[PDB]
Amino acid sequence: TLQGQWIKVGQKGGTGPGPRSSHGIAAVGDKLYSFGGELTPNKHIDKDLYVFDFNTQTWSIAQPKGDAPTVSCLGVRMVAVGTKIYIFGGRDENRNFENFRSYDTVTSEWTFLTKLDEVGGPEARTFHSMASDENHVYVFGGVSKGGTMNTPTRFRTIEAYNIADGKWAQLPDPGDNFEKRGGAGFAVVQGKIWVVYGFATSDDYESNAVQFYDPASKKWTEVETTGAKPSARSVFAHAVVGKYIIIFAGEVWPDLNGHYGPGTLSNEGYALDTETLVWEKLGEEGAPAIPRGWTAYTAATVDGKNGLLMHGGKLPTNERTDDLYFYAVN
């Protein structure tokens, strides 16, 4: 069984993002980068790239050199490969949708990489999920713009960006028996791409569906998991550590008013062993008490340990938080 604990990461000042949900973070080395956010329900905040340095445990704002983002986003996501971070999707309150961009942590420069919602290209999106490997950025699910006269729909497909080629290609469509989902767990584990739970169309509902896509065979497997298996949920913090997909919190039941209310949130964590398909429940020690969902999340290494880094989110009071927590894995 997995062994680890929660640690509340002190924030000792500087120019920080403050409380927000629905944003994207990712870690490069000793630094955490944060982009996007929602404070007032369904209202954006800003388009600064915030940087948290773990050594000083303080916040600053990165220099917006190059093709800096033009839209203040909610529902945007972010991943890191090498020294670059990549943001995909998100929208502002006026329904300007962001595109596909990279920021280089060394040169502090932004590059516009792909315009979304073009013909034969990946659609613009909110509340998708992102994963990556050494040469790919992956995008799963989400809620389309989109469009323009097909109503906003969810996606059941994966879009693969080959970094060296600078090209997108859609991976094979899993088909009619797979839920189009937003707010899903999504991760690369030991060469396969896992989709875990989410919010599905088909009265729209939390899903407990688990699948992987296998690049070697170019095909999808629907998986039956066991153990301390969490009830269906979405918009949960999640990250890969080894063979484990670790999740925490999330929405267990949707709000009667969409994203305006808090719905029903969770304060519990779980870990899926992708080798055995067994779930186990994370320990309570150090865990944040107040249920949350819509946090930002990323795999990170802090003070020597791998684990799940979680920031912000909304609370059952519908308030946002600026809590930064780390589940450190032994």
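Quick note: we count residues from 1 along the sequence shown, nothing fancier.
Between neighbours residue 232 and residue 231, residues that the deposited sequence lists but the model omits: Gap between residue 231 and residue 232: none, chain continuous.
Which of 3-11 and 319-327 has higher mean CA B factor, as the PDB entry lists it: It is 3-11 that shows the higher mean C-alpha B-factor.
Mean temperature factor over C-alpha atoms, higher-scoring stretch between 207-215 and 144-152: If you average the C-alpha B-factors of 207-215 and of 144-152, the larger mean comes out for 144-152.
129, 226, 102, 126, ranked by C-alpha B-factor: the highest one: It is 226.
Identity of residue with top Cα B-factor, from 159, 251, 92, 173: It is 173.
Chain-relative CA temperature factor third for residue 80: For residue 80, the deposited C-alpha B-factor lands in the middle third.
Record-listed C-alpha B factor of residue 289: chain third: It belongs to the lowest third of the chain when residues are ordered by C-alpha B-factor.
Relative C-alpha B-factor of residue 261, binned into the chain's lowest, middle or highest third: CA B-factor rank for residue 261: lowest third.
Chain thirds of CA B-factor: placement of residue 134: CA B-factor rank for residue 134: highest third.
Chain-relative CA temperature factor third for residue 270: Within its chain, residue 270 is a lowest-third residue by C-alpha B-factor, going by the deposited values.
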